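Residue numbers (the deposited numbering), protein chains in the order written: chain Aq, 5 to 84; chain Ap, 2 to 90; chain Al, 2 to 136; chain Ah, 2 to 132; chain Ad, 3 to 200; chain Ae, 10 to 165. Everything below concerns the one structure shown next.
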Amino acid sequence: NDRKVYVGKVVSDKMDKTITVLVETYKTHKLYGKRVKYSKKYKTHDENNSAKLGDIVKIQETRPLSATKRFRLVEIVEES
Amino acid sequence: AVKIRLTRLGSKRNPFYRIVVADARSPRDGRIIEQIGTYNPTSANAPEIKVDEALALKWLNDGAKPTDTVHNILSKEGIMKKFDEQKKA
Amino acid sequence: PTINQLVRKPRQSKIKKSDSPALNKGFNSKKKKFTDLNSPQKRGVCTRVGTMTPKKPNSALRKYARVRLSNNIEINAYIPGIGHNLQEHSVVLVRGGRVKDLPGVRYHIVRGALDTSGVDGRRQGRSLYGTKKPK
Amino acid sequence: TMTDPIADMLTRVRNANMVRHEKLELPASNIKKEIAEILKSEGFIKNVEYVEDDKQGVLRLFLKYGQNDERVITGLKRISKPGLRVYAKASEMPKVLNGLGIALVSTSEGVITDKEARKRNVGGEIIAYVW
Amino acid sequence: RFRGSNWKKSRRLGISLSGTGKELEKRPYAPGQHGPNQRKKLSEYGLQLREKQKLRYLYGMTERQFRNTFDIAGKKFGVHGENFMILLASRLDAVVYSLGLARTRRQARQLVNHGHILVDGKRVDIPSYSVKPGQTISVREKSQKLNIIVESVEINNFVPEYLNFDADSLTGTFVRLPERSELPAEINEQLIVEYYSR
Amino acid sequence: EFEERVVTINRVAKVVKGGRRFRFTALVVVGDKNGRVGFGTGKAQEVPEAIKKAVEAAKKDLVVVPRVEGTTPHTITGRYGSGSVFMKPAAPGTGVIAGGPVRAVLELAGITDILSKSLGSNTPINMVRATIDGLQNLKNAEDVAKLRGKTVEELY
RNA sequence: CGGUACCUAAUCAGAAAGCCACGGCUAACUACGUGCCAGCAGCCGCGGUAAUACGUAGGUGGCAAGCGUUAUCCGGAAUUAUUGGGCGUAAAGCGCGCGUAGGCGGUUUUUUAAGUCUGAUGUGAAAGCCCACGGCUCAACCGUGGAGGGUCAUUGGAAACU
RNA sequence: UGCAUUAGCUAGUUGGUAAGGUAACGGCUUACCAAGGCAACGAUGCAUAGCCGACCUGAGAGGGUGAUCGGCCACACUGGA
Numbered sequence: 005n006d007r008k009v010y011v012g013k014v015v016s017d018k019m020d021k022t023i024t025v026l027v028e029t030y031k032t033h034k035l036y037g038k039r040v041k042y043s044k045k046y047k048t049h050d051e052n053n054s055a056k057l058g059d060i061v062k063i064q065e066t067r068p069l070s071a072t073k074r075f076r077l078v079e080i081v082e083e084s
Numbered sequence: 002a003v004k005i006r007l008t009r010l011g012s013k014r015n016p017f018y019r020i021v022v023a024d025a026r027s028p029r030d031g032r033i034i035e036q037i038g039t040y041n042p043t044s045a046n047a048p049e050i051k052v053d054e055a056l057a058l059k060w061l062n063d064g065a066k067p068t069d070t071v072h073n074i075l076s077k078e079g080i081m082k083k084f085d086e087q088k089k090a
Numbered sequence: 002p003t004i005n006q007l008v009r010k011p012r013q014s015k016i017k018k019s020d021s022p023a024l025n026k027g028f029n030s031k032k033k034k035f036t037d038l039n040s041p042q043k044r045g046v047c048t049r050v051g052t053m054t055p056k057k058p059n060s061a062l063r064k065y066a067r068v069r070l071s072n073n074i075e076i077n078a079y080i081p082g083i084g085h086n087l088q089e090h091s092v093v094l095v096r097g098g099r100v101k102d103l104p105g106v107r108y109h110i111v112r113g114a115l116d117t118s119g120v121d122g123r124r125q126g127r128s129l130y131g132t133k134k135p136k
Numbered sequence: 002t003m004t005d006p007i008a009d010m011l012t013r014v015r016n017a018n019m020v021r022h023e024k025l026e027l028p029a030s031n032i033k034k035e036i037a038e039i040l041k042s043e044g045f046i047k048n049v050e051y052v053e054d055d056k057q058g059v060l061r062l063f064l065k066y067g068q069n070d071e072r073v074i075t076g077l078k079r080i081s082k083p084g085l086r087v088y089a090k091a092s093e094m095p096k097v098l099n100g101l102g103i104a105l106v107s108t109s110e111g112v113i114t115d116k117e118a119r120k121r122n123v124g125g126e127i128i129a130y131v132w
Numbered sequence: 003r004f005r006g007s008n009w010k011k012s013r014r015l016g017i018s019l020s021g022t023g024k025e026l027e028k029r030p031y032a033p034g035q036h037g038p039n040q041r042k043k044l045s046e047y048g049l050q051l052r053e054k055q056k057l058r059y060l061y062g063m064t065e066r067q068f069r070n071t072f073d074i075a076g077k078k079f080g081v082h083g084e085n086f087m088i089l090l091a092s093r094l095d096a097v098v099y100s101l102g103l104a105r106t107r108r109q110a111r112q113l114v115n116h117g118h119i120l121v122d123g124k125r126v127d128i129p130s131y132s133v134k135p136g137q138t139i140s141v142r143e144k145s146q147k148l149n150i151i152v153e154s155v156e157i158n159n160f161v162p163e164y165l166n167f168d169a170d171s172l173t174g175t176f177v178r179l180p181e182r183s184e185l186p187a188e189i190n191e192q193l194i195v196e197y198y199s200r
Numbered sequence: 010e011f012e013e014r015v016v017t018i019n020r021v022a023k024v025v026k027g028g029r030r031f032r033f034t035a036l037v038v039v040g041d042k043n044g045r046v047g048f049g050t051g052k053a054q055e056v057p058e059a060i061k062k063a064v065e066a067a068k069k070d071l072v073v074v075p076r077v078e079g080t081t082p083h084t085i086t087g088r089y090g091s092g093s094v095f096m097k098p099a100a101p102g103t104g105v106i107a108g109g110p111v112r113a114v115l116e117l118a119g120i121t122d123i124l125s126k127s128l129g130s131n132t133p134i135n136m137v138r139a140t141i142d143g144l145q146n147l148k149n150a151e152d153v154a155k156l157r158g159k160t161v162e163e164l165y
């Protein structure tokens, strides 16, 4: 099989090998049918502090590597 | 252990039995794995056994045990006779 | 409103207030709370039985009864019929239903339920007012 | 800072219809040109004209009227709009006025009429109702 | 059920047809103490009620058997106002009455009650059996000769259309579903259906 | 020949210094069950003469109701001030379902099978005129193609 | 379960109807009693001496092994309105500015496929709802075969509109 | 689900590197190192409520309910082991 393959945008590269991407998509409203953007900070596991703030990063899910990060990095489409 | 059973449907004084391969620890009228066919004692003359015998042999070859009445149902059609030729070959 | 400020602040409905608000409250005695269980009737012991006059162009004197129910709340309760048996401390079964042209009383009493007895001589609308079949 | 172009097109057409005007002009587009091209093919306007100017070339419409001084377009309604875009599958793609009027619909072939979207089996954003 | 006088109900409604006529004795307007008087004219909800009563007391039914056999006429492709007419005459009360085994409807309903039919085989003793098109209706072999049975066949002729009849143990057939012509159109079905629309 | 039908009679009095007034007015609906219907009001004091005042007043304004048979051609909403009726076509075996005053203006033309619901206000003067104004703005399939320039099969 | 279901004979019109409404909505009313009293009332409202609205009696009607009252829920209610409402005077425009987030945004070309549309699967158990047959003496009910999973995910495509 | 007449919540809390231990990954736990983490897209707090298939209602949109019958979870006088 294969795992989910989301793409996003980093928000805060803090210390110690962790970045947090921002996958933004468009849920529709239930009753009125208006599209609305919403955000989802997905913590992910950088290998060696590679990606910097401002980059758009492709990610993939993995086994739970910590309490709140579940995802890993695969590829960086653009950076700053 | 999985075992082919009889889950009863139908009303009072009118039993209708569907035959079911299910786990032995589920309840009688509860969750099932697959529903093979039916069985109806209170019809006109027959018991009206319907069994898709291509699928009942998929369970008998990996641990399903008939329990004393579906073993009569499968023998009435002839699944249990034809079950030996997989073991004989 | 426009479509954005109706997603951002949706259509909250208009709540419906239930008449007879004393019949839909229970009283747990082991915890001293008010539950909500929507009872159709609720019995109670009586406190005062007198007469009250209407405030309409009508002019009479109506027989009421101040009853405290199974839950420990006070109401006023009308008595339909002609004659009643309601001195004090009697157990009666409060029926819902407002009686207008009377202030502060919006409940009936089931005539013939626990300790009140039926009317003396009705034979026409006989099931309500609670008397059995004669002869 | 008008915010819906082809609704401003569509109420220019309604207001000219009310005063029995026979000639008005639009600040045009491609979708304005090809909605106005599709009303003459269905037969609501007489003849649309050229696109000429240096910036955003105008086009003229030539409304069409009945012989007893009646009007052809009686009612004209924009349905999709900014803030609430409505989209229709080809299955529930609706008939206007019990099949009498039309519904020009932007699908992935260019915009087409109400009739020409079911037999093509494509849906899309449903732009307006013309009747 | 009703058990009363069909004479009074034929006074207020059109006819219940015990004999050929029943309203000629007294005033044909209304039974009691306000009948022979100026008939006050009647609104729409009243007349949507009266034709429903003229059909209900014709077959001798009651509501939630008259209503539960109404919405199951809203299942077939025909006109719902007359699907309710055609499956209402296909009961074992009308079929015993139509192919004449009785001088009236109530003892025809009493005939199918006590078990004198043996339709299409063993027995159906219910008076609400909707007869399918194409199975025979007989009389019981234990009781083939009674004063009620035979001496009401010879009087009432005209076994209606989409039926048969014989003297060989009195065996009708119920050929197919009758038409609105072969159904009593004294009561119009075009206004009963608006009563149950409300 | 015309088919008379009332909607309601009203009991109206205007206050006088002496004895007050005895005007009984009534509106009627006049149609022919074929596609031609008119309404009108009539003010008098003799009540059967107050009816026939409104009947002849209906005779001056008859509107031709276009029709695909057994129903109405398409879906409309009528409007006159506050009254507003709804008018959906139906299958030819449904029965005309309508309110109090709007049934009389729908039975008197031959339809007998349409969905309807009187939205908005309630007074019988306005909704019988907000139905005629609805039935004023109906269009056949054949005469639109005369204006639009196509044929009846080219519209579909 | 059970000598139960049921089937054969024997006898008898035997023992087996009430319940609420009657002004107008709402199809069914006359007469005595009572005379702002006793009382009714879902709404408007009835009663002071000729009460079709009270109390009873004769009628009639709704429908019936039930009937009526009460409680609660949805509908009628377009009285939360996306479908489908409003804000001059009926309830409703902040006393007006500057502006953050957000929402929305002129024309054309190329382009991508997030939204969108389209077709390939897979799945959204069984029971029920709808439809068609079968078994209940009919019906309730029960069983079997079908709309069918239309919500979603996986996979090709289409490129106008965001 | 209802409240902003609840606007600052966290301090093993968020990462790191080790070590133990779990059927298994992991702040799951314990040491050190770093100051992060979540939040007007409603963190938190209080109040209410087992959830769903389904059932009732409605022309639909939608509203209401969780008795019975199934799926799952939680609990077994109350609280730990």
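Each residue gets a CB set at the ideal place from its N, CA and C atoms; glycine is no exception.
Is residue j closer than 8 Å to residue i when the C-beta atoms are compared?
{"i": "residue 84/Ap", "j": "residue 56/Ap", "result": "no"}
{"i": "residue 74/Ah", "j": "residue 18/Ah", "result": "yes"}
{"i": "residue 91/Aq", "j": "residue 57/Aq", "result": "As shown, chain Aq starts at 5 and ends at 84. That puts residue 91/Aq outside it, with no answer to give."}
{"i": "residue 125/Ah", "j": "residue 106/Ah", "result": "yes"}
{"i": "residue 71/Ae", "j": "residue 50/Ae", "result": "no"}
{"i": "residue 46/Ae", "j": "residue 117/Ae", "result": "yes"}
{"i": "residue 92/Ah", "j": "residue 127/Ah", "result": "no"}
{"i": "residue 114/Ae", "j": "residue 127/Ae", "result": "no"}
{"i": "residue 52/Ae", "j": "residue 34/Ae", "result": "yes"}
{"i": "residue 110/Ad", "j": "residue 95/Ad", "result": "yes"}
{"i": "residue 140/Ae", "j": "residue 74/Ae", "result": "no"}
{"i": "residue 117/Ad", "j": "residue 142/Ad", "result": "yes"}
Based on DSSP bridge pairs, tell me the residues matched to residue i.
{"i": "residue 75/Al", "result": "69/Al"}
{"i": "residue 47/Ae", "result": "39/Ae"}
{"i": "residue 109/Al", "result": "96/Al"}
{"i": "residue 23/Ap", "result": "4/Ap"}
{"i": "residue 94/Ae", "result": "127/Ae"}
Thinking residue i and residue j are a contact (beta carbons under 8 Å), I'd like their distance in whole angstroms, please.
{"i": "residue 15/Aq", "j": "residue 64/Aq", "result": "Wrong, their Cβ atoms sit about 18 Å apart, outside the cutoff."}
{"i": "residue 70/Al", "j": "residue 23/Al", "result": "6 Å"}
{"i": "residue 33/Ah", "j": "residue 10/Ah", "result": "5 Å"}
{"i": "residue 39/Ap", "j": "residue 20/Ap", "result": "7 Å"}
{"i": "residue 130/Al", "j": "residue 119/Al", "result": "6 Å"}
{"i": "residue 120/Ae", "j": "residue 81/Ae", "result": "6 Å"}
{"i": "residue 191/Ad", "j": "residue 84/Ad", "result": "6 Å"}
By Cβ distance below 7 Å, which residues in the same chain neighbour residue i in space, the five residues on each side in sequence not counted?
{"i": "residue 10/Ad", "result": "33"}
{"i": "residue 124/Al", "result": "135"}
{"i": "residue 106/Ae", "result": "124 and 125"}
{"i": "residue 64/Ap", "result": "2 and 3"}
Taking all protein chains shown into account, decide if residue i is buried (16 or more other Cβ within 10 angstroms of its Cβ) or exposed.
{"i": "residue 79/Al", "result": "buried"}
{"i": "residue 87/Aq", "result": "Nothing about residue 87/Aq can be reported from this structure: the residues present for chain Aq run from 5 to 84 only."}
{"i": "residue 25/Ae", "result": "exposed"}
{"i": "residue 61/Al", "result": "exposed"}
{"i": "residue 29/Aq", "result": "exposed"}
Please list, in chain order, all residues of the same chain as residue i whose beta carbon is under 6 Å from its beta carbon, the five residues on each side excluded.
{"i": "residue 26/Al", "result": "35 and 72"}
{"i": "residue 94/Al", "result": "42, 44, 111, 114 and 115"}
{"i": "residue 35/Ap", "result": "22"}
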